[PDB]
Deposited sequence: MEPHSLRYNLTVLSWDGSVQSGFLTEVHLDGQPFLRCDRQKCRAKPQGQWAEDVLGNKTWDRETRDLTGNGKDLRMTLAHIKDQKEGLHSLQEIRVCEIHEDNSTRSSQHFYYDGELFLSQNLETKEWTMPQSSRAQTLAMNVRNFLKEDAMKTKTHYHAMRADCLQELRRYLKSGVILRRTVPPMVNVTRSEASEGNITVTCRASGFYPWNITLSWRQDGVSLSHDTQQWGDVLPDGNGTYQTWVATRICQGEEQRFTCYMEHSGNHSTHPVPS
């Protein structure tokens, strides 16, 4: 997985009237990490210094953006700016800016390439025009504003990383094999893996060291097991006295382990 930093800023209108409030949800390596509103910023402590200033900037600037949309359709409307940056395993960066209206995308900018893009869709295109016109002409944004947006985001990500809030801690699974009892001289064997992070795991019964097809096997979903860990299971039906012919195989984070049936 790469490192994610994401900001989710949100403003509201009631019959064309932009409300004083706004709300930014900051996600660090995909986990909720900050919630700021106009007032102040709250983790899930005055190290929330620079973010109170920055994100109130965007909030104000985004109330102004919503005031230039001419939907007028009565009642409650949302507008959203979502900035995302990633640092990849390979040291190359990813970065984008998205606007949602009533929770639907209508404008993106890739910040690596600086290429805007819109849905083909009558409303989607008029919206995009409203906001791209406000960005070029009224707000008077230089190409350099988008380079900064890109750089601001990544230095922030690198700063959080450095601080040591992000732990890429592997939690290896607990494994257990079990058996369902004699019906017509047959047994179900169950392999269970639990309390494991990250999410990605391989788990498969084998007969004489060869994987069974996905079809002759029965599968748990990967469910949450608490604290940010997961659990799953795989199962197969076999004949009584073919037990030590079968083993459960598992890869998690370069740990390739094998558990036979309790005979």
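Counting from residue 1 of the deposited sequence, the stretches lacking C-alpha coordinates in this chain are 1, 46-56.
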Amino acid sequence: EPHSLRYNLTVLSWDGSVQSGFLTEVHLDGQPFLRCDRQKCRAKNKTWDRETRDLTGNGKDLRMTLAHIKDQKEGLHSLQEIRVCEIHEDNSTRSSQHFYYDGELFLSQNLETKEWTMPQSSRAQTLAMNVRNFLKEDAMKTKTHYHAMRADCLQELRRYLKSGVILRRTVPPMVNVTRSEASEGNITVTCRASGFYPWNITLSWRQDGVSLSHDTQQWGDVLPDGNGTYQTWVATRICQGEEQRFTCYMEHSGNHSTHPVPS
From here on, numbers count along this sequence of modelled residues.
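Judged by mean Cα B factor in the deposited record, 236-244 ranks above the other of 251-259 and 236-244. Taking the PDB entry as given, 178-186 carries the higher mean Cα B factor of the two stretches 178-186 and 152-160. When the C-alpha B factors of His27, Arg42, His68, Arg206 are read from the deposited coordinates, the top value falls at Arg42.
Across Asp221, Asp215, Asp225, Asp61, the greatest Cα temperature factor reported in the deposited entry is at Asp215. The deposited CA B-factor of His147 belongs to the middle third of values across its chain. When all modelled residues of the chain are sorted by CA temperature factor, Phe196 is found within the lowest third. In the PDB entry, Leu105 places in the lowest third of its chain by CA B-factor. Among the modelled residues of its chain, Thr229 has a C-alpha B-factor that falls in the lowest third according to the deposited record. The PDB entry assigns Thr126 a C-alpha temperature factor belonging to the middle third of its chain's modelled residues.
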